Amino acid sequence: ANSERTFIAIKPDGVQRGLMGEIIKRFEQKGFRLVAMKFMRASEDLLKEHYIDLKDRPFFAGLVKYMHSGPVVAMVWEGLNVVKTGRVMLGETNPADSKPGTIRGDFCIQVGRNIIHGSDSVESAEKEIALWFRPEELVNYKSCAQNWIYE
């Protein structure tokens, strides 16, 4: 299940804030593997289809707006239990609740300014990933050490 994959976006702040590598490096060092990845400017349109569930939801409005407001880091990571796991590294959605050593616990404060999103699960993963990527953008390759990360 080591081929599990999750979608991680470093949000507009993430980006202005200068936490790009930092974040990426946490995943790298934990042992997961970047499958896909590009720097973009989510479309309004996308943000809307991405954020559709939670559409008619106050916040909404301006989520897109800010989400749209800047370039983000679209990323796909691979590994055993990344969805779960990446969600921990992340921290709680509201930074108020995240803790030290997590991503958001360490560098952010407030919810509307969350620095990053991770899929909430495989079902999600799939959708977003599908929704965010093109088949080709995904890249098959193997580690220099699948052996020391997994048995």
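Note that residue numbering begins at 1 and tracks the sequence as displayed.
Higher mean CA B-factor, judged across 127 to 135 and 13 to 21 from the recorded values: 127 to 135. The mean Cα B-factor in the deposited entry runs higher for 49 to 57 than for the other of 49 to 57 and 82 to 90. The maximum CA B-factor among the listed residues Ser69, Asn114, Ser98, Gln29, taken from the PDB record, is found at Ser69. In this PDB entry, the Cα temperature factor of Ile8 sits in the middle third of its chain's modelled residues. When all modelled residues of the chain are sorted by CA temperature factor, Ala42 is found within the middle third. For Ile109, the recorded CA B-factor ranks within the lowest third of the chain. Only modelled residues enter the ranking. Split the chain's modelled residues into thirds by C-alpha temperature factor. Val122 is in the middle one. Among all modelled residues in this chain, the alpha-carbon of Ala36 has a temperature factor (C-alpha) in the lowest third.
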